[PDB]
Amino acid sequence: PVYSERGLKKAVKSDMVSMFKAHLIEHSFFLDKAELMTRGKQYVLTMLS
Amino acid sequence: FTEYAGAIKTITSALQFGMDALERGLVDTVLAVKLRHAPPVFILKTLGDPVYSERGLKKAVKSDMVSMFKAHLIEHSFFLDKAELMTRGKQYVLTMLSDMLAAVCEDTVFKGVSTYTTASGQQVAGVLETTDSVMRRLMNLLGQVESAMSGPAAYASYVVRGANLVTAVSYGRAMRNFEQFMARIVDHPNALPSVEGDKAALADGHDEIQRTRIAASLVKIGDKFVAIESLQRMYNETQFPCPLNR
Amino acid sequence: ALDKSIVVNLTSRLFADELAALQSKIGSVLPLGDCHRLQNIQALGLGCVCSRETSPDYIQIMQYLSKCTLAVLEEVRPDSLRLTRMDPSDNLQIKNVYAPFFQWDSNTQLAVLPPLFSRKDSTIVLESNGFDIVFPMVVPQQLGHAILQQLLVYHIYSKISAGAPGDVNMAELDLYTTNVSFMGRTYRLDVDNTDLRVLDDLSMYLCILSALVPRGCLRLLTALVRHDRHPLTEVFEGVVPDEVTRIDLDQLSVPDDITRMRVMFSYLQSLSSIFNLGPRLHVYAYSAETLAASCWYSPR
Amino acid sequence: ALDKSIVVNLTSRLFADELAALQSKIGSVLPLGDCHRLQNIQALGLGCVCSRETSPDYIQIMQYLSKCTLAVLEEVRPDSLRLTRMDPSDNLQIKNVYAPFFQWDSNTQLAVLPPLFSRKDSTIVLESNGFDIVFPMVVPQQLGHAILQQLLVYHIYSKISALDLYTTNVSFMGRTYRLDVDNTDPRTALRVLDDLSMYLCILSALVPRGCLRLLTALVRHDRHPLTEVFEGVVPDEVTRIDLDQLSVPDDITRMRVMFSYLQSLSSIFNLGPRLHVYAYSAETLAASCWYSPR
Amino acid sequence: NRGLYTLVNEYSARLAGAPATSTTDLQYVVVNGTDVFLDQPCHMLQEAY
Amino acid sequence: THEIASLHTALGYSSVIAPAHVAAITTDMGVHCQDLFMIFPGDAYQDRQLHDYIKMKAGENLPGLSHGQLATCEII
Amino acid sequence: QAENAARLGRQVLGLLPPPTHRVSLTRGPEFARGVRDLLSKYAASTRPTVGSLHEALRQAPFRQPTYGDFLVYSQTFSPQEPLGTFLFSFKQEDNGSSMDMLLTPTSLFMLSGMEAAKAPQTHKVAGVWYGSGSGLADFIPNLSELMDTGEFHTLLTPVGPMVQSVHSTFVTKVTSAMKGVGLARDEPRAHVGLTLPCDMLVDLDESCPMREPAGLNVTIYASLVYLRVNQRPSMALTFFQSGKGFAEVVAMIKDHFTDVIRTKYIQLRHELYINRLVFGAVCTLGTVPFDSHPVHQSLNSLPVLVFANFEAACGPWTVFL
Amino acid sequence: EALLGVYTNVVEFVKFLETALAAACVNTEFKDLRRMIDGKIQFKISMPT
């Protein structure tokens, strides 16, 4: 609720779309990304919690 | 009958709404008083160290402080976000939040007064506040050892009864505890102020308040016990913006 | 919750003859100079402003009526009259006794006008106190904005015939002014041309406008040329007569013209309000056999 | 029944300087924007439309004044201003502290006007909060008109110049005064003049001929106290229109239309909301009146 | 220009001159001080990054 | 209604705020520049035929924006 | 059966005007205890309840309107109405014992005869409540001559909204409202508001904002404009909703009717009749309280606005130009 | 068709005194606060050398 606390203006929706891109590229197939990281199990847990 | 008694339910629920929209007014304005008197870390931190103010605020000492307002903002701002990308991690937050803790001037007249206490008689130092996103961060990094505190159950009274009303009507002033103030001058003179005797007069009726059982979160930081409260539930159930989000 | 009653006491008892004239109009609308309940006689008529010894006025009465409080008779007891108070937006009842008799219908707008007719129709002389009470001329608004107009035209041509005989025909003047048509009916008013000093002030003002207005509006057109001229004023150049546009404004100097333009506007707002706004009230029900009209008063 | 009270929160403690002027005017009328109990100080002033760096236009300021509700002060505490409200139609006490002083009595009539004589006297600035407060002026209805009569004449004769004793001085029995014109925006004061060119040349078209012939019989020999405007000489225009013969039923249609357009000149010479005072105390300077609706 | 102890007290409670709007399409200046919570550390330090 | 008297007991500073966690950038850091034609519309060139030409070569107009709330730049 | 009569003992003695405050002086200062509605600040507690404030709600202001009872031909007043329309009492001469003529603004659109494009919505609706326009023109034969010299705005007295109408075959009874809020007859404890067709109303205050002050008051104005179409005289009635005060709206109505002033007065370069110079009039239909939302409706379609809490206060007709 | 339930929120009020925010404050019930104009607290600080 920290994002849409002002009401869905035209400035909020573009911030909410630009985070749709940056989360789909970075964190997708997260169990496949965790097979090669140094941390590993922390990346699955902080994704699933 | 069920139209009548279905109408008395509406007007109470319109009027319980009346009082409980005013109790949010307390939690708004008290938090609004704090933020008017709350300078940030990077301004207040180097003023916390007395080692620069020993020589006085000369022309050169003001200039040397300015470079430390600059350098502290570039590095240590957003301190919880840098902690995920550092190898050190959990120690870096614990030092920086405790370095916030020792920078606060705790000089209070009511410091000897018995007030909000933990279990086993240990003493609450102060209360930090976060949002909901930061509250779960600090709850993971720091244990919540007690999750219980004692405190006052009701307020304390102050009435203008007695000889206060004589000076209120005739003159224009109202003395704080005139009966406590009268005996010091004319009845018991020439006594130096002794702290263990002044404290009963300094308590101002905050002693003899009935203690109670208050449910809240606690945390242990160094020698000081801090309580943690995130106020978005009282703001996002009413769909107003929060003043903690800046 | 609020109580309202206006009780006027007197010094001497009334005659037996004067009581029947006040019982003739047991319902009426009197003006009243004070709001308090106990009051002396000298305010409840128009004798406080209009009298026989003073010159008869129109405008100083019309200044007075909008400033004055209205009141309605309930019971006449010797010697203590009993009026009832008028409130802003209050419903009460009126009997319509005014000489001469104009017909009231429901859903008309009552307009209080000063009496400009003969004396015995308007007033009832109280011989015991030696003071004159004067009942106002209550006339419906569309008549009241027309019964004044044909008489005010008649007063002008009376001033022309007294100065020069050849310009005004009496038969042309009488037949077109003293006969008033309204609601399909006619009313032949009392002229009282036996010697109309009431309307002499309005006959002065409207004429002084009529010479200064076409002198006034020429200078006010030419002084307002802009790129931001309001576009409706281009149309109204066709409305002004062609003879008006041919004034040489060089003849009057600048110190004369400031005196004219301040005289120009100062009559206009003093003359507009005395036609427009007086104590004016509405009536929603009427009955001809009972002669009682339920009313409600709207101030301003 | 009904309550009326506006208490004004204020974010800084007022100085002893500015509190002494506010303690001086404890009975005063100032308009404000909204209808609530709590209110910011940025609505209390009339100076949201009349600021210093903005060139004021006193017609538009007076046009502003009929919109707003009006309010009377009760107390001046050193933090919060406290006011009472005026609603049509309600009886209330009013007390004139207003500096270009005039005398009232029982059964008088009033109006509310913008400050047109001394702005620096009738406005106090608040250096503690940075926002200034502008007080309007209450005037009896005769001078309520007669000041607006001069200001409409003034914008006529400042445009022709594209001197001051005739244009800037409002006359009254016993006193003469000075209007405050240094920076005036004429564009809202000229649209009123734009409608005056509409009404006045229509009234020059339907002129009664007999009422023109009355002045040709009057001002040449019959001299009266209120006809000294013409100074004894007829205008040249009036001899030109009177060549036609007189007839009654021409003027009967004309004088009704002359009557009906003077109903319209109320709408262009309007004041603000009016105040019909019934009882006025002299030595106390208090009064009692009912607020009229717009 | 005044003492810095006064500037610390004036830093939090006084939203200083020329601020920028939020959540609206372009950079406007905000004149309505009822809501906006911005804290700008660019006046006291007199820098630009 | 309800009225509050709130004082400050401590001589020194008793409350400390801090930046904690970055959430979003709304500025979008866009390279749009501020147009001085909008700030100072009264000042213009002497030939009004030529001032309508340079205004043609520079330029509510945006119905949508993708990356975020756009931010103005200057020129010194 | 007297239990039914005991109901009228309750309701009539419960519903009265409040009596005059008159206490004899020998009783003492008891009269200060008889003043309750002037007290306007009631005490509150930690948990207030209705039983703490049932005395607080008991004092209420004194509001009772004054109704109008009209006996109308069933031909002029169309038999189905949305029960909140605005009215007019046209009056020429008392010819009958008691027969009255009432004009809804849909009906006055039919006597007007203006073009369809000026009001593109109500022309279909007002064409099916009536005939082609001669069903109502038979009662006023002077509708050609009442428009020329300009007496039509002097013959209308604005009445207000409807309350009740009992309809028969030949004679229709109409119960109208003046002075304020008319009590609804069929639904108990309800209040009839004023309804206007969306086509006839013209709002005045509308901004981007690109600030205007608030108030307690906004005043609906009626308007009526004499014009000429097809070289035939005809009228045009529009409404206004504004809280600008009377000194502004007369200048604002001139900007709305700019084209109507211009297209008429092209004609009088040739013929200048002083009877033709009168143009329009503006009445005051009473106040509306601030920030009440006008709610759109739909009837048969016909969109119709509604104004809750309407109060009526009729005014004169003043001739603007 | 059928009604399956009427489900309604209940606003649990939160007292200021039972928040843990109130440890940062000192709370005194003061009866007549409209009567007071100004409050005032006086400090006396001795400084030895």
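For G:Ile266, indicate whether it is among the hydrophobic types (A, V, I, L, M, F, W, C) and buried (at least 17 other Cβ atoms within 10 Å of the Cβ).
It is false that G:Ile266 is among the hydrophobic types (A, V, I, L, M, F, W, C) and buried (at least 17 other Cβ atoms within 10 Å of the Cβ).
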If you take the residues of segment C:282-295 that are surrounded by 19 or more Cβ atoms within 10 Å (Cβ to Cβ) and at the interface with another protein chain (Cβ under 9 Å from one of its Cβ atoms), which of them is farthest from C:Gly33 (Cα to Cα)?
C:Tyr284
Is segment D:39-52 home to any residue that is among the β-branched types (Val, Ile, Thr), in contact with a helix residue (DSSP H, G or I) (Cβ under 9 Å, 6 or more places away or on another chain) and surrounded by 12 or more Cβ atoms within 10 Å (Cβ to Cβ)?
yes
For segment B:145-246, give me every one of the strands (runs of 3 or more DSSP E) that falls completely inside it and has 2 or more residues that are within 12 Å of chain H (Cβ to nearest Cβ) and within 16 Å of B:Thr117 (Cα to Cα).
B:149-152, B:211-214, B:217-221, B:224-230
Could you pull out every one of the helices (runs of 4 or more DSSP H) wholly within segment D:200-274 that has 1 or more residues that are touching a strand residue (DSSP E or B) at 6+ places or on another chain (Cβ under 6 Å)?
D:248-261
Just for segment F:27-76: of the residues that are under 30 Å from A:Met16 (Cα atoms) and among the β-branched types (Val, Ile, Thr), which one is nearest to the other protein chains (Cβ to nearest Cβ)?
F:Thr72
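What residue, among those in segment H:27-41 that are of a type in the set (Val, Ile, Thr) and under 24 Å from B:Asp207 (Cβ atoms), is nearest to the other protein chains (Cβ to nearest Cβ)? Explain how you work it out, then say what you get.
Here is the first cut: in segment H:27-41, the residues of a type in the set (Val, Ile, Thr) are H:28, H:37, H:41.
So of that shortlist, the ones also under 24 Å from B:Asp207 (Cβ atoms) come out as H:28, H:41.
Details: H:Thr28: 5, H:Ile41: 7 Å.
Only one residue fits best here, namely H:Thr28.
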Subset of segment G:59-77, residues of a type in the set (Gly, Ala, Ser) and either out of contact with any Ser or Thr (no Cβ under 9 Å at 6 or more places or on another chain) or surrounded by 18 or more Cβ atoms within 10 Å (Cβ to Cβ) (or both), comes to G:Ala60, G:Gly68
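For every residue, the table says whether it meets (1) facing chain B (nearest Cβ under 10 Å); (2) in contact with a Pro (Cβ under 8 Å, 6 or more places away or on another chain); (3) under 27 Å from A:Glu5 (Cβ atoms); (4) not aliphatic (A, V, I, L, M).
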position: E:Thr6; (1), (2), (3), (4): no, no, no, yes
position: E:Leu15; (1), (2), (3), (4): no, no, yes, no
position: E:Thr21; (1), (2), (3), (4): no, no, yes, yes
position: E:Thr24; (1), (2), (3), (4): no, no, yes, yes
position: E:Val29; (1), (2), (3), (4): no, yes, yes, no
position: E:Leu38; (1), (2), (3), (4): yes, yes, yes, no
position: E:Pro41; (1), (2), (3), (4): yes, yes, yes, yes
position: E:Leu45; (1), (2), (3), (4): yes, no, no, no
position: E:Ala48; (1), (2), (3), (4): no, no, no, no
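For segment C:19-63, how many residues meet the condition of being part of a loop (DSSP other than H, G, I, E, B) and more than 19 Å from the chain's Cα centre (by Cα)?
Within segment C:19-63, residues that are part of a loop (DSSP other than H, G, I, E, B) and more than 19 Å from the chain's Cα centre (by Cα) number 9.
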Working only within segment C:237-257, note down all residues that are hydrophobic (A, V, I, L, M, F, W, C), facing another protein chain (nearest Cβ under 7 Å) and over 32 Å from the mean Cα position of the chain (by Cα).
C:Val244, C:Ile247
Only one of these conditions is not met by D:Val234: (1) aliphatic (A, V, I, L, M); (2) out of contact with any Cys (no Cβ under 6 Å at 6 or more places or on another chain); (3) buried (at least 19 other Cβ atoms within 10 Å of the Cβ). Which number is it?
(3)
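Residues checked against (1) in a loop (DSSP other than H, G, I, E, B); (2) surrounded by fewer than 19 Cβ atoms within 10 Å (Cβ to Cβ):
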| site | (1), (2) |
| --- | --- |
| G:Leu83 | yes, yes |
| G:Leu87 | no, no |
| G:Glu93 | yes, yes |
| G:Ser97 | yes, yes |
| G:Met101 | no, yes |
| G:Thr106 | no, no |
| G:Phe109 | no, no |
| G:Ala117 | no, yes |
| G:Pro120 | yes, yes |
The conditions are (1) more than 9 Å from every other protein chain (Cβ to nearest Cβ); (2) under 34 Å from the mean Cα position of the chain (by Cα); (3) of a type in the set (S, T, N, Q), and D:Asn270 fails exactly one of them. Which is it?
(1)
Does segment D:158-169 contain at least one residue that is within 30 Å of C:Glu172 (Cα to Cα), in a helix (DSSP H, G or I) and more than 19 Å from the chain's Cα centre (by Cα)?
no
Could you tell me whether B:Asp28 is more than 11 Å from every other protein chain (Cβ to nearest Cβ) and among the charged types (D, E, K, R)?
no
Among the residues that make up segment B:124-135, is at least one of them assigned to a loop (DSSP other than H, G, I, E, B) and in contact with a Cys (Cβ under 9 Å, 6 or more places away or on another chain)?
yes
Would you confirm whether or not segment D:274-281 contains a residue that is among the small types (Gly, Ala, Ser) and within 14 Å of chain G (Cβ to nearest Cβ)?
no
Search result, residues across segment G:36-58 that are in a loop (DSSP other than H, G, I, E, B) and surrounded by 14 or more Cβ atoms within 10 Å (Cβ to Cβ)
G:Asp37, G:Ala44, G:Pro48, G:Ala56
Tell me whether segment G:270-279 contains one or more residues that are assigned to a strand (DSSP E or B) and under 20 Å from G:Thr157 (Cβ atoms).
no
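Table: residues versus (1) within 13 Å of another protein chain (Cβ to nearest Cβ); (2) small (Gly, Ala, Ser).
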| position | (1), (2) |
| --- | --- |
| G:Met162 | no, no |
| G:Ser168 | no, yes |
| G:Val171 | no, no |
| G:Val174 | yes, no |
For segment C:173-188, give me each residue that is surrounded by fewer than 16 Cβ atoms within 10 Å (Cβ to Cβ) and assigned to a loop (DSSP other than H, G, I, E, B).
C:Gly184
Filter pass, B:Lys90 being farther than 24 Å from E:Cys42 by Cα, surrounded by fewer than 16 Cβ atoms within 10 Å (Cβ to Cβ) and either among the hydrophobic types (A, V, I, L, M, F, W, C) or within 21 Å of the chain's Cα centre (by Cα) (or both)
no
Flagged in segment D:1-25 as within 14 Å of chain G (Cβ to nearest Cβ) and surrounded by 12 or more Cβ atoms within 10 Å (Cβ to Cβ), in numbering order, are D:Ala1, D:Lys4, D:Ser5, D:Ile6, D:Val7
Could you please give the count of residues in segment C:131-161 that are among the small types (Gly, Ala, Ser) and within 9 Å of another protein chain (Cβ to nearest Cβ)?
1
Counting only residues that are assigned to a helix (DSSP H, G or I) and within 8 Å of another protein chain (Cβ to nearest Cβ), how many does segment B:98-123 have?
3
Scope segment G:208-227; condition surrounded by fewer than 17 Cβ atoms within 10 Å (Cβ to Cβ) and over 24 Å from D:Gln39 (Cα atoms); matching residues:
G:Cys208
Just one of the numbered conditions (1) closer than 26 Å to E:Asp35 by Cβ; (2) away from chain F (no Cβ under 12 Å); (3) assigned to a loop (DSSP other than H, G, I, E, B) is not true of B:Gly56; which one?
(1)
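Computed from the coordinates by the stated procedures, all read-outs in this text should not be read as laboratory data. Please note: Cβ atoms are built from the backbone with ideal geometry, for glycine as well, and neighbour counts cover all protein chains shown.
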